[PDB]
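Quick heads-up: it's one chain on its own, the form deposited in one PDB entry, in structure tokens.
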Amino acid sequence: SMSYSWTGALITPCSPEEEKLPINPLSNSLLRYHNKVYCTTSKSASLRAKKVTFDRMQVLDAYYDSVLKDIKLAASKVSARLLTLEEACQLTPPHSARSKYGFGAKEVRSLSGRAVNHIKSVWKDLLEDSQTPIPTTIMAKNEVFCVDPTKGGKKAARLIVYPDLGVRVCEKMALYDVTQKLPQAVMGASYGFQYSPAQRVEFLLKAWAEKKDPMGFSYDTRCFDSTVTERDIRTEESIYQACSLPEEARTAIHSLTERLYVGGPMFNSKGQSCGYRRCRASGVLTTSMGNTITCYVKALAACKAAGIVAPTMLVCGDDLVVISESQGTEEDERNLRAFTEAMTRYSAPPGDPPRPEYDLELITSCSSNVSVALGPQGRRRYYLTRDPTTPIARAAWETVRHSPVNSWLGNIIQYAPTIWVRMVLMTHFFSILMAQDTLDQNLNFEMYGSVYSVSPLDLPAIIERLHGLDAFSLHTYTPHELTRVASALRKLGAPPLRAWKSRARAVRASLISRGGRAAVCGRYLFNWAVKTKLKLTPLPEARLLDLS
């Protein structure tokens, strides 16, 4: 019932935390320098704790039972296997939090004796004990945002809850295969984490077009992880158990469910007993899959209870969008409140109350929205974009504080066709790379299921294969997109687009002078920066394929 119980001990940091940069070399233009970026820290952990701690009142109904029945039948169609200890170790990222048992990710990836033996006892313990809660560490996340004076004060840090490295590897052995198959099997096209930007755009355009009179809305659950109940989490296990699994996997899955997923004790970085959790833990293997399926079940049942007409939904964890047949504004709003009231009963109360949308460009899904622009031939071309405030705020931060994994590279790749990536991020970072003289250096970035390594000098080929040549010729963006980008730059205290356009010229010429791949990057990535455009032909793009 209560999402959390606290002892009073503080959520302590592990390393000295930095909340502001000494100098922001992106929010700078000769006579106008600013620094409105900030990073969340332990200091606001108590504030977040207060926010996520509340009573959950859950009451299900026939609409829910029905949808749950359908989902379990769909789940019975899946077969999954145990992952080999070796396979689970190999899936352990290079720097994931070390264990308190004398080893780190390095030792797990190389299968050192100490690590392997420890992992084996943890697995054996899971098979022998299905009751003893597994301890978790709770910590404040350090994430970068931009102050938004109008929308409110700085955001409190998100809280991360995760078990020891040894337990994490065992989770993969028992459930990794399931996480790669179950969501799509029960949700199909509605499973949002299966689409590339072009496919996501296509799904949305298609869903919108099939309605005679389309109406969409995004539903935002206030603190989704805190809203999922113990019942929800055991119900997730019953959905997992519907799959065809080896008895050994079933045992570990039940143990992991009763000892970890359903809840458990939390300790701060100092080892002090911090509290007890009775909701979703942010740092466990099943978080993404669990949230996605549970959000889908509740959302679909709510659609039925509210009488939403012909709903086509897209779900990304707790992020949900529903596009259906409009019944007129008056009726749509009535239907949306019924939907909300149903979601609430299912323990999925709304943060920002949902409102009907009748312009596709204004609907945000999985943090993005569809927009339109013209191709070199003058025809319309759709693409995925998003508010650039946070991506740029972080790009600025990662300019000073070099981090192992860059977010800017990821944003450039995922949003390559956007005007903000093209005029700002590409111009800025290629200028920085030439200044540091590290152009061909391979960098690591993330697309949330992996950490990739790529050389910026390979961006034109990567972008072509990912978004097509049109990514280098898009023009005539919408005023909504232009206004949003311009507003983000103001909030950030960064130079306006007209200034970046001037800068792009120099960056382009500098890249060309260097010849080679650098020249290709210049001619292709910045063809928008010169009045007399170069032609631009297909590249050796037909030589690669991505997973994420």
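We number the residues from 1 along the sequence you see. Throughout, rigid core stands for the largest set of C-alpha atoms superposing within 1.5 Å between the two forms.
The same protein has a further form, the form deposited in another entry, not shown here; the description that follows concerns it.
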item: Moved residue between this form and the one not shown - picked from 469, 305, 309, 447, where its Cα shifts 2 angstroms or more relative to the rigid core; value: 447
item: C-alpha of residue 40 off by 2 Å or more between this form and the one not shown on rigid core; value: no
item: Core fit, then residue 196 C-alpha moves 2 Å or more between this form and the one not shown; value: no
item: Exceeds or equals 2 Å, Cα of residue 111 between this form and the one not shown, core fit; value: yes
item: Note on residue 448-residue 204 C-alpha separation in that other deposited form, which departs from the shown form by 3 angstroms or more; value: closer
item: Residue pair residue 26, residue 474 - Cα distance in that other deposited form, closer or farther (3 Å or more); value: farther
